[PDB]
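Protein chains in written order, with the numbering used here: chain A, 17 to 110; chain B, 9 to 410; chain C, -14 to 519; chain D, 17 to 124; chain E, 43 to 177. Where is the CB? At the ideal position from N, CA and C, for every residue including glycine.
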Amino acid sequence: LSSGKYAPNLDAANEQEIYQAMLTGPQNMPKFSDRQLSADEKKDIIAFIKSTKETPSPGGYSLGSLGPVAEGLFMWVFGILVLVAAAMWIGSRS
Amino acid sequence: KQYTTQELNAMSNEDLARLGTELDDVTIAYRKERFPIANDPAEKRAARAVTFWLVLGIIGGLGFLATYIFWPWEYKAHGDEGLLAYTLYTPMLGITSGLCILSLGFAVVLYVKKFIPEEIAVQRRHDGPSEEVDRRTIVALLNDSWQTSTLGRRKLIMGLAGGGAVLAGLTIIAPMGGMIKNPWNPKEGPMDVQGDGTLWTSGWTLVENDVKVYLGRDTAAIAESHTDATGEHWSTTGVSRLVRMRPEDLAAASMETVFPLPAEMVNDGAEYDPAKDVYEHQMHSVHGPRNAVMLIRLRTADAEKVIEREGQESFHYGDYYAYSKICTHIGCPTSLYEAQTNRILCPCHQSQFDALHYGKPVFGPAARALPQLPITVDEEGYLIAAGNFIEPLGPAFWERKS
Amino acid sequence: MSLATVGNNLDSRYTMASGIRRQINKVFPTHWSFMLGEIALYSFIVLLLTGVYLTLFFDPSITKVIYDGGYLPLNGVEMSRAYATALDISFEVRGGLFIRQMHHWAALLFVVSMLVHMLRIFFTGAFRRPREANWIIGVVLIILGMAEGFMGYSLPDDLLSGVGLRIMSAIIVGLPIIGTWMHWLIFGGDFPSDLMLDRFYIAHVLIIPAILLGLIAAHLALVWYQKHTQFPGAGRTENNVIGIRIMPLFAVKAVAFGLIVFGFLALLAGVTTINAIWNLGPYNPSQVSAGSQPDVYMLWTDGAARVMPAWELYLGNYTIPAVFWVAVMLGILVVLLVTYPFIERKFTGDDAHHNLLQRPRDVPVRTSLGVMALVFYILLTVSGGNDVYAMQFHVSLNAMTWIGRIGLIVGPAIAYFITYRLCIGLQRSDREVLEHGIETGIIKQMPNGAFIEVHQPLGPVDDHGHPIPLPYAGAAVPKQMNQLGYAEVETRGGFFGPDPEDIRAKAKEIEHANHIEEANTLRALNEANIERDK
Amino acid sequence: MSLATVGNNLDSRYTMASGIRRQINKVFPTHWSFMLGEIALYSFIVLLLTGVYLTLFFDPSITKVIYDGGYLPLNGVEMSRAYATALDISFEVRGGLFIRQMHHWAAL
Amino acid sequence: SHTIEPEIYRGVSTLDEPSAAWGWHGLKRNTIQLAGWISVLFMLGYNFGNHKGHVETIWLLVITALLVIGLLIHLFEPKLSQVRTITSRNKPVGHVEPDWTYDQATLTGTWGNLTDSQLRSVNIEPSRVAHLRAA
Ligand code: HEM
Ligand code: HEM
Ligand code: HEM
Ligand code: HEM
Ligand SMILES: CC(C)=CCC/C(C)=C/C=C/C(C)=C/C=C/C(C)=C/C=C/C=C(C)/C=C/C=C(C)/C=C/C=C(\C)CCC=C(C)C
Ligand SMILES: C/C=C(C)/C=C\C=C\[C@H](OC)[C@@H](C)[C@@H](OC)[C@@H](C)CCc1oc2c(O)c(OC)cc(OC)c2c(=O)c1C
């Protein structure tokens, strides 16, 4: 978020802490009363959060699930460097 | 010079090879064998290096085919039996296939790098301009063809031929006008809950058709899998995607995403019908391009210091304010309501809108304030849209005033 | 085997012996960085094959369905057929996720290999005459590959990709005077529309691949016809090529490097997740996520949109939105990339036929322009993912936006300065060796107590013992003694024991003879080249 | 006319003159039936152009939909998206029927 | 000592930058000026945007001040003269040092006129050098 604020990683919280995060509106987090998001809705939100935090990816290492940036930073640095190494192993120098 | 069959027969095979390369202006400057000693230990030492990776090429290939056929590949959710076996199917596929193919490649690279001889070969280039006779003669032939034709004399046939050529080109490409579409011709039929399909409108324009349009919250409901003797059927007949919401619902410093919910597509409250199929239309409303509205409740301390815009006074209802959730930069959702600073932040290019200064952008590449919806409450106390926006919603375009 | 009959029939029917003799005798220079184009070729082939596999399972429609597939955490959810069949590729087809991820990793490898290949071409000067055509078509190739990846990852119709399409649509409407009509032409209407995914699908699988392949074909044909450039070195002239022949060496090496590329992509495709559309859900215009960002080869555009100020013109009944200047910026830097050879020929005045290359130290203006452009593009790329950076390194977001803005002036300039001075310094180091000889590292003390370092000259000497300074020749000068071979091992055997001394003595004699004759042939070819210049 | 410059560039960069001279002098016999292969070739060209055009308006999905479009004698009828977008080519696109007709005739 | 004569290519002399024959050296003073000035204009433009803070403004403005005084000294070069003082018993410019160590080793020059007692005080018996020292 702006000016040094940020939505933290949800991994550290437990289920009661997630519920009370929603209920209390900690710092710049919008509050979510049980009139807005019902009890069953908050149970479902906690279920999604914990099932995504607990399941492994079927496709290999997640790279921290950061999407195109991290996947890029892996191919555009490491991935090109090992094939540069192979091109030097197969070719000549000056 | 040429060679008779007897002379080519008189040669040795290496001499024929030398002649072969020199016919292409290539010369082998240097060339030497890798293992000249007769029964070198280093040659057997190199053979075992190559066979190592060929053995693992075979091992990896067979392991890939075993993994691919017999490893349990089918989906498992968290808590299921054999979850770990499923999470490793694709990993094992790749590590075995990589073993196979990389080991074959390494075998071949090593074979080149220590069995095939080493050589320096030198080829002469033939580039630059051509040999001048060919330049003069090709120019002669082409000039001859043009002057032969006699078409340069006939200015009328040339002009008409060019005109017909370009006009035939137009005739070929003119059916591309089947793609051209007036952006200002409305969509077919009457107006919809997504608007008339122009850049002016939205679902909230339906207020102008005398329709009562509630502000409706997304229940996020899913279809239900009924099952009976005739099969299993996912259905949506008693399920509401959008439901009306009331002014008591949001605490101060809460934000709710609300969509236009005409009174004809409502199915909730005491007037609920368990067979009233409205999920399809409410879904059509949730997917309107510029239908999403950000409904915020300020704290009283915040509403004591909220700055109003000309003509948009009395759009709010008490401490409840309503803005367009579509960013005024290039159209992302402006979802991030910093509850304490009262600044609505767009996660695309980091524009910041001041919810206490009629949504005016205070940072980023946005230049216009978020549009504001007029809202109120009706005779049953549900929040409703008291009017339409007074601005075009979404990003800017050439035909927009201010 | 009776290959004589096959060869005789083919030759009697086509008269092919001379034409094929010409191709097995063709020579290629064998520097390592002449393999960076190859990677782009091989990853492209992978992209083709894996792509056709995906088309046997994919439906590109924006029609909606209720999901009833494998992935249970989305069953009962309304989604397009595109998202549904991408989930079926990912979960209900055996090995489908493997081929999906291999396709995406191949895309990333294709684009970055094109980048580093182009940087070789730039820093070595292989673009200049007679080879500007390959430069223009290669710039076209990198642009079309970028567009291809964009349209490709827009297909599965997840939330992130659809936000990307939203941003494309918003930028196309903003164009004066014709943005609205262009949008209604491209998308067939307002966004989303019926035919948008069909048009992006046929653009992705047929149109852009066809242009890409045709231009790769023309590109490789021109590279084969205009024989390859080479660095300066012993025997090497503008008028020759020194290296290895197609048959047997270079063809085998190409096949093997291709196998390595294929296996590396296969491995990536198994051991690391990429995209993971099932966490993102289906596209919804009213939803968004903090880690937005396009794919890596598009982050520069994103960053250009983040660093731009909100400069808008009101004229007054018409509007110029603030992102128009971002389009102007992209147009400028595309035009300047594609027309650079002519810029360099304008401002250098060089227009000779060049077949030898330049070491980047010896052309410091170009190397400094290159590194400054590298830094401008790096700061645009980090400006794109600047919020992920901020979250992950405890930097203020707004600080990162202003870092991007100011950096896009001060970073390139500092980069130019530092690069230029380092280039001149490397030149001076080489000139030190050619003036006074290799610094062996040995320090002796003379009788008068003077510590003198022992130098090894690379040429003649005067009677004082001081080398006669050799002229620079555009080639690499050895800097340490071990490059001349004075560290080379002189035992021979396995790790666990030596060969018999007869074989070792014989082998070392043979190896010494090899080195002497290789040096002799390059020296004779060097003298012959002087004589050809009279 | 400026052609001196143009050719000078091309040949100087590609050593072009001898090859194209070998090509422009190639002889062809002119019996009428030796035109027939050209007919197939030109048909194929037309087929590719019109085909790419038709891909800009066609949705190959089998998913069923109630039709609402230009052809009113099938309004309210349930059909796959493939048939529906074929009908929309035929009646909603200006010149679409002409192009689909040309594509099919060129196939024959 | 010997070295090859100087030469100039496109105005870049080989002493100031080697390899001037081998590629694009240079980039002229006026174009560095133009780059700096027009990028300074683009720096000043940043101040006008919609932002409300002023940490941004002070950053922009000092960076402009530094770029500007840089461009100024790049246009108006402030050369200075070699100093010609003689401080702290330094010697004027034309002086020629002897090799004191050669003198100590050979007992000549600065070590020439030692007395009998002084030679004896550096562990040399003066009979060892009486024949070798000059008349
Ligand atoms: C004829 C060649 C190609 C075909 C048939 C093809 C086919 C496809 C299809 C059908 C998809 C749908 C999404 C999916 O199934 O995951 C896809 C995804 C994609 N394609 Fe292609 N493609 C081709 C070439 C390329 C090229 C050349 C590139 C890059 C320059 C590329 C980059 C991508 C990317 C990045 C994706 C997204 C991968 C993902 O969804 O995980 N494709 N491709
Ligand atoms: C998918 C895209 C591309 C492929 C498959 C490709 C392939 C190749 C290959 C295999 C070579 C010869 C080997 C080597 O020099 O590495 C080559 C050379 C060359 N490439 Fe590319 N390339 C691509 C893109 C580009 C780009 C982006 C540029 C520059 C803007 C470019 C310009 C050149 C030039 C000028 C040469 C000639 C090098 C020389 O003659 O010394 N190509 N390319
Ligand atoms: C789309 C498909 C085809 C195209 C575009 C095509 C095109 C051509 C052209 C232009 C010629 C030279 C001029 C002429 O003879 O008309 C030719 C010759 C030839 N065609 Fe085809 N043709 C096609 C199909 C076929 C078929 C179906 C056959 C036989 C089963 C065939 C066998 C031949 C042969 C043997 C020649 C050489 C004739 C000669 O040199 O006199 N082609 N083709
Ligand atoms: C790049 C090449 C091609 C493309 C992109 C293409 C595309 C299409 C498309 C989109 C349709 C949609 C159905 C319709 O319009 O009713 C179609 C129909 C058809 N295509 Fe193609 N096509 C190509 C090549 C060919 C070729 C080479 C042939 C024949 C050998 C062919 C024969 C047909 C026929 C007969 C139809 C049915 C047309 C109708 O019933 O109206 N197409 N094509
Ligand atoms: C591959 C991919 C994926 C992508 C790619 C895309 C593209 C197309 C890209 C492109 C890029 C480019 C081309 C870039 C470029 C860039 C550039 C060239 C830039 C530049 C910049 C510049 C500047 C900023 C400059 C500055 C300057 C200055 C500031 C100066 C200063 C000076 C001074 C201070 C003076 C010194 C002296 C003394 C002090 C004595
Ligand atoms: C020759 C090309 C042809 C035939 C076809 C296709 C052309 C493609 C264009 O590039 C060439 C296209 C990528 C480009 O057009 C200006 C726009 C999408 C703008 C680039 C763009 O994307 C974003 C994006 O995708 C995102 O996703 C999640 C997120 C983004 O911010 C957070 C952006 C973004 O801020 C920008 C500027």
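Bridge partner(s) assigned by DSSP for residue i
i	result
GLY170 (chain B)	Answer is none; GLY170 (chain B) lacks a bridge partner.
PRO369 (chain B)	B:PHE361
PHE13 (chain C)	C:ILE229
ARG39 (chain B)	B:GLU127
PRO267 (chain C)	C:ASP143
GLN441 (chain C)	C:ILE423
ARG225 (chain B)	B:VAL251, B:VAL266
Residue-chain proximity (residue i, chain D), Cβ-Cβ < 7 Å
i	result
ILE103 (chain B)	no
Residue i burial status per 10 Å Cβ neighbour count (16 or more: buried)
i	result
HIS168 (chain C)	buried
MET166 (chain B)	exposed
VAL138 (chain E)	exposed
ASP281 (chain B)	exposed
residue 7 (chain B)	Residue 7 (chain B) cannot be examined here, being either before or after the span of chain B that is shown, 9 to 410.
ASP280 (chain C)	buried
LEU86 (chain E)	exposed
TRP121 (chain D)	exposed
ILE383 (chain B)	buried
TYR299 (chain C)	exposed
Cβ of residue i within 7 Å of any chain A Cβ
i	result
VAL418 (chain C)	no
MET199 (chain B)	no
Any chain C beta carbon closer than 7 Å to residue i
i	result
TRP79 (chain E)	no
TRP66 (chain E)	yes
residue 186 (chain E)	There is no way to answer for residue 186 (chain E), as the model of chain E reaches only from 43 to 177.
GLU98 (chain E)	yes
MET91 (chain A)	yes
Cutoff 7 Å: residue i Cβ touching any chain B Cβ
i	result
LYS121 (chain E)	no
residue 1 (chain D)	In the structure displayed, chain D extends from 17 to 124; residue 1 (chain D) sits before or after that span and is not available.
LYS70 (chain E)	no
Chain E contact for residue i (CB, 7 Å cutoff)
i	result
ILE394 (chain C)	yes
Contact residues within the segment 104 to 119 of chain C, judged by C-beta distance below 9 Å to chain E: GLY110
Length at least 3, wholly inside the segment 231 to 274 of chain B: the beta strand (DSSP E) runs in chain order: 232 to 236, 239 to 243, 250 to 252, 262 to 270
Residues within the segment 37 to 50 of chain C neighbouring chain B, beta-carbon criterion of under 7 Å: none
Near-chain D residues of the segment 178 to 211 of chain C - C-beta to any C-beta below 8 Å: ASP179, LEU180, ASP183, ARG184, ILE187, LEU191, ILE192, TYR210, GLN211
Near-chain A residues of the segment 345 to 358 of chain B - C-beta to any C-beta below 7 Å: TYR345, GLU346, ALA347, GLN348, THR349, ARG351, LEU353
Chain C contacts from the segment 48 to 63 of chain E (Cβ-Cβ distance under 7 Å): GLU59, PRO60, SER61
Whole runs of the alpha helix (DSSP H) within the segment 286 to 351 of chain C, excluding any shorter than 4 residues: 309 to 323, 325 to 333
4-residue-minimum alpha helix (DSSP H) runs that sit fully inside the segment 50 to 137 of chain B, ordered along the chain: 91 to 95, 97 to 122
Cβ-based contacts, 9 Å cut-off: residues of the segment 93 to 104 of chain D near chain C: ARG97, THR101, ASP104
The segment 26 to 50 of chain D: positions lying closer than 9 Å to chain C by Cβ: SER28, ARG29, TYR30, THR31
Chain E contacts from the segment 316 to 332 of chain C (Cβ-Cβ distance under 8 Å): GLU329, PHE332
Chain C contacts from the segment 130 to 159 of chain E (Cβ-Cβ distance under 8 Å): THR143, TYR144, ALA147
Cβ-based contacts, 7 Å cut-off: residues of the segment 360 to 393 of chain B near chain E: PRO369, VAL370, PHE371, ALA375
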